Every structure is written in C-alpha cells, then in structure tokens.
>>> print(open('start-v9.txt').read())   # compact mmCIF, C-alpha atoms and all ligand atoms
# COMPACT_ATOMS: atom_id res chain seq x y z
CA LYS A 116 0.00 0.00 0.00
CA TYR A 117 2.93 2.35 0.68
CA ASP A 118 6.04 3.11 -1.37
CA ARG A 119 9.10 0.97 -0.69
CA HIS A 120 11.47 3.90 -0.14
CA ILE A 121 10.42 5.65 3.09
CA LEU A 122 12.10 3.14 5.41
CA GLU A 123 15.21 3.29 3.21
CA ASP A 124 15.21 7.11 3.42
CA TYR A 125 15.23 7.67 7.20
CA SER A 126 16.91 6.27 10.30
CA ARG A 127 15.46 3.95 12.93
CA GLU A 128 17.09 5.89 15.78
CA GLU A 129 15.52 9.29 15.06
CA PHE A 130 12.29 7.48 14.12
CA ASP A 131 11.36 6.83 17.75
CA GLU A 132 12.61 10.30 18.69
CA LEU A 133 10.15 11.88 16.27
CA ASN A 134 7.50 9.35 17.33
CA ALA A 135 6.96 10.99 20.73
CA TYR A 136 5.32 14.03 19.16
CA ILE A 137 1.96 12.69 17.91
CA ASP A 138 -0.21 11.86 20.93
CA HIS A 139 -3.51 10.84 19.35
CA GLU A 140 -5.52 12.89 21.86
CA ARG A 141 -5.99 15.52 19.13
CA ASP A 142 -7.77 12.95 16.95
CA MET A 143 -10.96 13.56 18.96
CA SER A 144 -11.71 16.91 17.32
CA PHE A 145 -13.35 15.95 14.01
CA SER A 146 -16.95 16.21 12.84
CA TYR A 147 -19.19 13.50 11.43
CA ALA A 148 -19.12 15.28 8.06
CA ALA A 149 -15.34 14.80 8.17
CA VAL A 150 -15.00 11.16 9.24
CA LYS A 151 -17.79 10.24 6.81
CA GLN A 152 -15.92 11.35 3.68
CA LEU A 153 -12.63 10.20 5.24
CA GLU A 154 -13.85 6.62 5.56
CA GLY A 155 -15.52 7.01 2.17
CA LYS A 156 -12.54 7.95 0.01
CA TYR A 157 -9.66 9.86 1.56
CA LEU A 158 -7.12 7.32 2.89
CA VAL A 159 -5.49 4.10 1.74
CA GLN A 160 -7.83 1.10 1.60
CA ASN A 161 -8.76 -1.65 -0.83
CA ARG A 162 -11.68 -0.47 -2.96
CA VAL A 163 -13.20 -3.97 -3.11
CA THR A 164 -12.75 -5.09 0.50
CA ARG A 165 -12.92 -1.73 2.35
CA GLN A 166 -10.48 -3.14 4.92
CA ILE A 167 -8.97 0.15 6.07
CA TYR A 168 -5.24 -0.08 6.81
CA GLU A 169 -4.49 3.44 8.10
CA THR A 170 -5.48 5.95 10.78
CA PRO A 171 -6.36 9.66 10.36
CA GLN A 172 -3.58 10.52 12.83
CA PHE A 173 -0.63 8.87 11.07
CA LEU A 174 -1.83 10.40 7.79
CA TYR A 175 -0.45 13.89 8.37
CA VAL A 176 2.94 12.85 9.72
CA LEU A 177 3.29 10.18 7.04
CA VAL A 178 2.70 12.64 4.21
CA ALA A 179 4.92 15.26 5.86
CA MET A 180 7.72 12.70 6.23
CA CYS A 181 7.34 11.45 2.66
CA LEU A 182 7.36 14.96 1.18
CA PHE A 183 10.74 15.68 2.83
CA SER A 184 12.87 12.79 1.58
CA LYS A 185 15.52 14.51 -0.56
CA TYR A 186 16.80 16.94 2.07
CA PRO A 187 19.93 17.35 4.20
CA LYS A 188 19.86 15.13 7.28
CA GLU A 189 20.48 18.06 9.64
CA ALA A 190 17.19 19.99 9.92
CA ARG A 191 14.43 17.83 8.37
CA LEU A 192 13.59 16.30 11.76
CA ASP A 193 13.07 19.74 13.30
CA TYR A 194 11.38 20.97 10.10
CA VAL A 195 8.66 18.33 9.70
CA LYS A 196 7.22 19.28 13.10
CA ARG A 197 6.18 22.71 11.83
CA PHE A 198 4.28 21.24 8.88
CA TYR A 199 2.66 18.63 11.13
CA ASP A 200 1.52 21.29 13.60
CA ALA A 201 0.18 23.29 10.66
CA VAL A 202 -1.82 20.45 9.13
CA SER A 203 -3.07 18.98 12.42
CA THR A 204 -4.44 22.29 13.74
CA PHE A 205 -6.40 22.63 10.46
CA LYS A 206 -4.46 25.80 9.61
CA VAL A 207 -3.51 24.47 6.15
CA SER A 208 -5.81 22.35 3.97
CA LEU A 209 -4.79 19.69 1.41
CA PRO A 210 -6.82 18.21 -1.55
CA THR A 211 -7.61 14.54 -2.40
CA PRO A 212 -5.07 14.41 -5.31
CA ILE A 213 -2.37 15.03 -2.67
CA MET A 214 -3.93 13.21 0.29
CA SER A 215 -5.57 10.47 -1.79
CA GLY A 216 -2.32 9.78 -3.65
CA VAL A 217 0.61 10.49 -1.34
CA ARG A 218 3.10 7.73 -0.27
CA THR A 219 1.46 5.61 -3.00
CA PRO A 220 3.30 3.59 -5.68
CA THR A 221 1.41 5.36 -8.49
CA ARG A 222 3.19 8.72 -8.22
CA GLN A 223 0.64 11.11 -9.71
CA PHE A 224 -0.22 14.37 -7.99
CA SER A 225 -1.54 16.87 -10.55
CA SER A 226 -5.05 18.29 -10.37
CA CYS A 227 -5.85 19.62 -13.86
CA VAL A 228 -4.41 19.28 -17.36
CA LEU A 229 -5.02 21.10 -20.64
CA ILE A 230 -4.97 19.93 -24.25
CA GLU A 231 -6.00 21.42 -27.59
CA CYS A 232 -6.42 19.66 -30.94
CA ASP A 233 -6.08 21.24 -34.38
CA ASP A 234 -7.27 20.03 -37.78
CA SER A 235 -5.47 16.69 -38.22
CA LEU A 236 -6.40 13.02 -37.92
CA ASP A 237 -3.11 12.08 -36.25
CA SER A 238 -3.61 14.88 -33.73
CA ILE A 239 -7.09 13.57 -32.93
CA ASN A 240 -5.82 10.02 -32.43
CA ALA A 241 -3.00 11.34 -30.24
CA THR A 242 -5.26 13.43 -28.01
CA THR A 243 -7.71 10.53 -27.74
CA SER A 244 -4.92 8.24 -26.55
CA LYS B 116 -8.04 13.59 -59.71
CA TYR B 117 -5.46 11.17 -61.14
CA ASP B 118 -1.93 10.34 -60.00
CA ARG B 119 0.89 12.41 -61.48
CA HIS B 120 2.96 9.44 -62.63
CA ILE B 121 1.04 7.72 -65.46
CA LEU B 122 2.10 10.19 -68.16
CA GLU B 123 5.67 9.97 -66.86
CA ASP B 124 5.53 6.16 -67.06
CA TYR B 125 4.53 5.60 -70.70
CA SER B 126 5.35 6.98 -74.14
CA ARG B 127 3.30 9.34 -76.29
CA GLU B 128 4.07 7.37 -79.47
CA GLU B 129 2.67 4.01 -78.35
CA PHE B 130 -0.15 5.89 -76.59
CA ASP B 131 -2.01 6.57 -79.84
CA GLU B 132 -1.13 3.07 -81.07
CA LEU B 133 -2.88 1.54 -78.07
CA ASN B 134 -5.66 4.13 -78.39
CA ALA B 135 -7.13 2.52 -81.52
CA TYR B 136 -8.36 -0.49 -79.56
CA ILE B 137 -11.24 0.92 -77.46
CA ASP B 138 -14.11 1.81 -79.78
CA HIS B 139 -16.84 2.90 -77.38
CA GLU B 140 -19.50 0.90 -79.26
CA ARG B 141 -19.28 -1.73 -76.50
CA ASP B 142 -20.35 0.87 -73.92
CA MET B 143 -23.98 0.35 -75.01
CA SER B 144 -24.33 -3.00 -73.22
CA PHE B 145 -25.01 -2.01 -69.59
CA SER B 146 -28.17 -2.20 -67.50
CA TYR B 147 -29.89 0.55 -65.55
CA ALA B 148 -28.96 -1.24 -62.32
CA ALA B 149 -25.33 -0.84 -63.43
CA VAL B 150 -25.21 2.79 -64.56
CA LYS B 151 -27.22 3.76 -61.48
CA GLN B 152 -24.61 2.61 -58.97
CA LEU B 153 -21.84 3.69 -61.35
CA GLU B 154 -23.02 7.30 -61.34
CA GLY B 155 -23.73 6.93 -57.63
CA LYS B 156 -20.30 5.92 -56.34
CA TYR B 157 -17.98 3.95 -58.60
CA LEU B 158 -15.83 6.43 -60.57
CA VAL B 159 -13.89 9.61 -59.90
CA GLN B 160 -16.04 12.67 -59.15
CA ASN B 161 -16.22 15.43 -56.57
CA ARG B 162 -18.48 14.30 -53.73
CA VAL B 163 -19.84 17.84 -53.18
CA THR B 164 -20.34 18.96 -56.79
CA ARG B 165 -21.07 15.61 -58.51
CA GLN B 166 -19.38 16.97 -61.65
CA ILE B 167 -18.31 13.65 -63.15
CA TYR B 168 -14.91 13.80 -64.87
CA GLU B 169 -14.61 10.28 -66.30
CA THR B 170 -16.34 7.79 -68.61
CA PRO B 171 -17.15 4.10 -67.96
CA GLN B 172 -15.16 3.20 -71.08
CA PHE B 173 -11.81 4.77 -70.19
CA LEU B 174 -12.12 3.26 -66.69
CA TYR B 175 -11.03 -0.26 -67.62
CA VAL B 176 -8.10 0.71 -69.83
CA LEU B 177 -6.98 3.36 -67.35
CA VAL B 178 -6.85 0.90 -64.46
CA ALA B 179 -5.21 -1.75 -66.63
CA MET B 180 -2.56 0.74 -67.75
CA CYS B 181 -1.94 1.98 -64.21
CA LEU B 182 -1.60 -1.53 -62.78
CA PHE B 183 1.19 -2.32 -65.27
CA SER B 184 3.65 0.52 -64.65
CA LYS B 185 6.74 -1.27 -63.29
CA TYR B 186 7.21 -3.71 -66.15
CA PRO B 187 9.65 -4.18 -69.05
CA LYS B 188 8.80 -1.95 -72.00
CA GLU B 189 8.70 -4.88 -74.43
CA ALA B 190 5.41 -6.74 -73.81
CA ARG B 191 3.22 -4.53 -71.59
CA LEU B 192 1.54 -2.97 -74.63
CA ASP B 193 0.54 -6.39 -75.97
CA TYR B 194 -0.25 -7.60 -72.44
CA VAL B 195 -2.71 -4.90 -71.32
CA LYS B 196 -5.02 -5.80 -74.21
CA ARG B 197 -5.76 -9.22 -72.70
CA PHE B 198 -6.77 -7.71 -69.36
CA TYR B 199 -8.87 -5.06 -71.10
CA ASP B 200 -10.70 -7.68 -73.17
CA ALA B 201 -11.24 -9.66 -69.97
CA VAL B 202 -12.70 -6.79 -67.96
CA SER B 203 -14.75 -5.27 -70.80
CA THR B 204 -16.49 -8.55 -71.71
CA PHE B 205 -17.51 -8.86 -68.02
CA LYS B 206 -15.49 -12.08 -67.71
CA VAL B 207 -13.62 -10.78 -64.63
CA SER B 208 -15.20 -8.61 -61.93
CA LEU B 209 -13.47 -5.99 -59.74
CA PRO B 210 -14.60 -4.48 -56.35
CA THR B 211 -15.06 -0.79 -55.32
CA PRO B 212 -11.82 -0.73 -53.20
CA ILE B 213 -9.95 -1.40 -56.46
CA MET B 214 -12.20 0.47 -58.90
CA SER B 215 -13.16 3.23 -56.46
CA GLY B 216 -9.52 3.84 -55.54
CA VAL B 217 -7.33 3.08 -58.55
CA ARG B 218 -5.15 5.78 -60.26
CA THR B 219 -5.96 7.93 -57.20
CA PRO B 220 -3.42 9.90 -55.11
CA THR B 221 -4.53 8.17 -51.89
CA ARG B 222 -2.96 4.77 -52.62
CA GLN B 223 -5.07 2.43 -50.50
CA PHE B 224 -6.43 -0.81 -51.91
CA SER B 225 -7.07 -3.28 -49.09
CA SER B 226 -10.54 -4.63 -48.32
CA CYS B 227 -10.40 -5.95 -44.74
CA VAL B 228 -8.08 -5.65 -41.75
CA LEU B 229 -7.82 -7.47 -38.43
CA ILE B 230 -6.78 -6.31 -34.96
CA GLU B 231 -6.91 -7.79 -31.46
CA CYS B 232 -6.38 -6.04 -28.13
CA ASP B 233 -5.17 -7.64 -24.90
CA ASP B 234 -5.38 -6.41 -21.31
CA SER B 235 -3.46 -3.12 -21.38
CA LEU B 236 -4.34 0.57 -21.43
CA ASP B 237 -1.60 1.45 -23.92
CA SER B 238 -2.82 -1.33 -26.21
CA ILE B 239 -6.36 0.06 -26.05
CA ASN B 240 -5.19 3.58 -26.87
CA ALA B 241 -3.09 2.21 -29.74
CA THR B 242 -5.91 0.18 -31.28
CA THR B 243 -8.28 3.13 -30.89
CA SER B 244 -5.85 5.36 -32.79
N1 LIG C 1 -11.64 10.27 -44.09
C1 LIG C 1 -11.96 11.58 -43.97
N2 LIG C 1 -12.64 12.21 -44.95
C2 LIG C 1 -12.96 13.50 -44.84
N3 LIG C 1 -12.62 14.22 -43.76
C3 LIG C 1 -11.93 13.64 -42.75
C4 LIG C 1 -11.59 12.31 -42.84
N4 LIG C 1 -10.92 11.99 -41.71
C5 LIG C 1 -10.86 13.11 -40.95
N5 LIG C 1 -11.47 14.11 -41.59
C6 LIG C 1 -11.62 15.50 -41.09
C7 LIG C 1 -10.73 15.69 -39.88
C8 LIG C 1 -9.42 16.16 -40.49
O1 LIG C 1 -8.79 17.11 -39.63
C9 LIG C 1 -9.87 16.85 -41.77
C10 LIG C 1 -8.91 16.54 -42.91
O2 LIG C 1 -7.62 17.08 -42.66
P1 LIG C 1 -6.33 16.12 -42.59
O3 LIG C 1 -6.44 15.22 -41.39
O4 LIG C 1 -5.06 16.93 -42.55
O5 LIG C 1 -6.32 15.16 -43.89
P2 LIG C 1 -6.14 15.76 -45.37
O6 LIG C 1 -4.82 16.48 -45.48
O7 LIG C 1 -6.19 14.63 -46.36
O8 LIG C 1 -7.33 16.79 -45.66
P3 LIG C 1 -7.04 18.37 -45.74
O9 LIG C 1 -6.15 18.64 -46.93
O10 LIG C 1 -8.35 19.11 -45.85
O11 LIG C 1 -6.36 18.80 -44.47
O12 LIG C 1 -11.16 16.36 -42.13
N1 LIG C 2 -7.68 3.42 -14.08
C1 LIG C 2 -8.05 2.11 -14.11
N2 LIG C 2 -8.46 1.50 -12.98
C2 LIG C 2 -8.82 0.21 -13.00
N3 LIG C 2 -8.80 -0.51 -14.13
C3 LIG C 2 -8.40 0.06 -15.29
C4 LIG C 2 -8.01 1.38 -15.30
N4 LIG C 2 -7.66 1.69 -16.56
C5 LIG C 2 -7.83 0.58 -17.31
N5 LIG C 2 -8.27 -0.42 -16.53
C6 LIG C 2 -8.58 -1.80 -16.97
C7 LIG C 2 -8.05 -2.01 -18.38
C8 LIG C 2 -6.64 -2.51 -18.13
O1 LIG C 2 -6.28 -3.47 -19.13
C9 LIG C 2 -6.74 -3.19 -16.78
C10 LIG C 2 -5.51 -2.91 -15.93
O2 LIG C 2 -4.34 -3.48 -16.52
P1 LIG C 2 -3.10 -2.54 -16.93
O3 LIG C 2 -3.51 -1.64 -18.07
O4 LIG C 2 -1.91 -3.39 -17.31
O5 LIG C 2 -2.72 -1.59 -15.70
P2 LIG C 2 -2.16 -2.20 -14.31
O6 LIG C 2 -0.87 -2.95 -14.56
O7 LIG C 2 -1.92 -1.07 -13.34
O8 LIG C 2 -3.26 -3.21 -13.71
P3 LIG C 2 -2.99 -4.79 -13.71
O9 LIG C 2 -1.82 -5.08 -12.80
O10 LIG C 2 -4.24 -5.50 -13.25
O11 LIG C 2 -2.68 -5.23 -15.12
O12 LIG C 2 -7.88 -2.68 -16.09
MG MG C 3 -4.42 18.08 -44.19
MG MG C 4 -0.87 -4.55 -15.90
>>> encode(input="start-v9.txt", output="structure tokens", more="lines below")
Ligand SMILES: Nc1ncnc2c1ncn2[C@H]1C[C@H](O)[C@@H](COP(=O)(O)OP(=O)(O)OP(=O)(O)O)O1
Ligand SMILES: Nc1ncnc2c1ncn2[C@H]1C[C@H](O)[C@@H](COP(=O)(O)OP(=O)(O)OP(=O)(O)O)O1
Ligand SMILES: [Mg+2]
Ligand SMILES: [Mg+2]
Amino acid sequence: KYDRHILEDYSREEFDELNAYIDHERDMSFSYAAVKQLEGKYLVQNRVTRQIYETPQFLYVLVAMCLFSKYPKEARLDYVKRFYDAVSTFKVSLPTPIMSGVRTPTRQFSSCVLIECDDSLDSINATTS
Amino acid sequence: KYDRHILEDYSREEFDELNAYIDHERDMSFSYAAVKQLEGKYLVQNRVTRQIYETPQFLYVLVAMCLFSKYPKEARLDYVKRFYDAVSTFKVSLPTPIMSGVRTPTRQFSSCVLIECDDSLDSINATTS
C-alpha cells in the first residue's frame, strides 16, 4: 500500500525520537461530516474489501515525512514538526489528489491538465490516446 | 483527380497506337442497375459537386494501364489488351476498393483488416488510434 522507499530514506534511531510528538488525543476533534468522507474515500484502503489499513492521525505525519525525503539530514527532523503542527491544527488544507495519492506507488499528484487539438487526424488520435 | 505518374511512365508514341483499340461501341451494353450505382459511387467525381470527370469506357483501360507501370517496356503494350478484353467482356469482376480507388493519389487498396487487443491501457489507446 505504501512506497518501498520511506524506510530506506530515514533512520530507525531518530524514528522513535520523532515518534513521541503525535499523541492521538488531538484525533478527537473531528466532525461527522469529516469522518464520513474520510472513511468514504480519503485514505489508503482496498476499494473492493474496504479493509482500512491506516489511521487519520498517522496520515499527516506520514505525508509530511514522505514529502521531505531529498533533504539534508540536519534539519528535516526539526522541520517536519512545523508542517505537522500546521496540518493537524487545520491551519492548512490539502486536496484529495495530494492526500488520496501520497506515499502511494502510483506517483501522480496533478489536479488539472489542458490539451488542444487542431485540424489533423493524427492529432485527434493522439489526443484521444 | 489522377496520380501524377502515369504520363511519366509511358510513351506518347505508343499511346495513340494503343488508343485505336477501345471503340466505345461496347459501352452500349449495360443495365440501368449498373449505370445507377456507377453514377452513384464507382468512378472519380467530386463528392460535393457531382461533376463527373470520367467515362465508364476509359475506366477499364486506365486501371489496366496503371496496374502495369513497373514492367519491361517490351510486352506490356501487348499484355494490357488481354486484361482489357477480360474486364470489358464482363469475364472478370473488380470491387469498389480497387475500382473506387485506382489511379488515385490516396494509394489504399485493401478490403479488410484485423486487430486484437489484450489487457493493457496502452494497447487500447493504440488500437483506438
Ligand atoms: N476520411 C476523412 N474524410 C474527410 N474528412 C476527414 C476524414 N478523416 C478526418 N477528416 C476530417 C478531420 C481532419 O482534420 C480533416 C482533414 O484534414 P487532414 O487530417 O489533414 O487530412 P487531409 O490532409 O487529407 O485533408 P485536408 O487537406 O483538408 O487537411 O477532415
Ligand atoms: N484506471 C483504471 N483502474 C482500474 N482498471 C483500469 C483502469 N484503466 C484501465 N483499466 C482496466 C483495463 C486494463 O487493461 C486493466 C488494468 O491493466 P493494466 O492496463 O496493465 O494496468 P495495471 O498494470 O496497473 O493493472 P494490472 O496489474 O491489473 O494489469 O484494467
Ligand atoms: Mg491536411
Ligand atoms: Mg498490468
């Protein structure tokens, strides 16, 4: 379900050090209109079994850790905390294309694309493909 | 309407020699069910103006001359007469793909094609194109 590079991109020692920053007590601040769509389609789960394999608390820190892979190993640990505190306190909002597709093997994160076709059969076949 | 290679593929001298073999007196042997579809869609004509630019007599000799371009210039003149006598006496029949598309710039003469698509998105896009 995840991408096989996160564990190979960080250290086990600092992992537990950063782990003691995400007490799940803040998870009890949602609304029904939130958890509804969340369980519907926002997090990783098999679309045929619906066996959810994640938790709305590890979501934010997981995406914040994955987005900061290629960085110097001197400030990323103290830098991910700011983004986590921003996303957890609902100060910054993120779409489905970025929360429905993060840390996922299929690396696609755009939201809109444009295309125009002129008078040519080959162009029409190409834009159809 | 024609292809700009026939005149560059034969000689003007033998042209008139082969010309005295196609007295149009045999053109008065059709049926209404023939000329109907012929004027409908069998010979070269603009599909928006319907200004016909051919004649059902020059059709056979034109296609027989065009089909015999790449040949030694020693027997083609005496060889095209056999095919013309075959097609004019209705002994051999020819489809629209070969009579609707001969001596035409768009050189396409097949009649059927096959294609199969397996389980792949790229394959589907390719076969659609
Ligand atoms: N088989 C067809 N017959 C008539 N029009 C077609 C056909 N296929 C596609 N078209 C439409 C869409 C094409 O953009 C347009 C023809 O342009 P094109 O694809 O460049 O072929 P073409 O060069 O033979 O015609 P044109 O000279 O008008 O551009 O007409
Ligand atoms: N976006 C899609 N989601 C689900 N199925 C799709 C999708 N697009 C096409 N399909 C259908 C047609 C494809 O042949 C088939 C998936 O096979 P494929 O094109 O090879 O992609 P894939 O490798 O990611 O899936 P699979 O491993 O099952 O082959 O499912
Ligand atoms: Mg064109
Ligand atoms: Mg596949």
>>> closest_atom_pairs(input="start-v9.txt", of="chain A", to="ligand LIG 1 (chain C)", cutoff="6 Å", atoms="all atoms listed in the file", output="Markdown table")
| residue | atom | partner | partner_atom | distance |
| --- | --- | --- | --- | --- |
| A:234 | CA | C:LIG1 | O1 | 3.8 |
| A:235 | CA | C:LIG1 | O3 | 3.6 |
| A:236 | CA | C:LIG1 | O3 | 4.1 |
>>> write_last_selection(input="start-v9.txt", atoms="C-alpha atoms", output="CSV table (one decimal), in the coordinates of the input")
chain,number,residue,atom,x,y,z
A,234,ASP,CA,-7.3,20.0,-37.8
A,235,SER,CA,-5.5,16.7,-38.2
A,236,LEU,CA,-6.4,13.0,-37.9
>>> atom_distance(input="start-v9.txt", atom1="CA of residue 150 (chain B)", atom2="CA of residue 224 (chain B)")
22.9 Å
>>> closest_residue(input="start-v9.txt", among="A:131, A:218, A:223, A:116", to="residue 166 (chain A)", atoms="only C-alpha atoms")
A:116
>>> closest_residue(input="start-v9.txt", among="A:123, A:237, A:139, A:158", to="ligand MG 3 (chain C)", atoms="only C-alpha atoms and all ligand atoms")
A:237
>>> interface_residues(input="start-v9.txt", of="chain A", to="chain B", cutoff="12 Å", atoms="only C-alpha atoms", output="VMD selection string")
chain A and resid 236 to 244
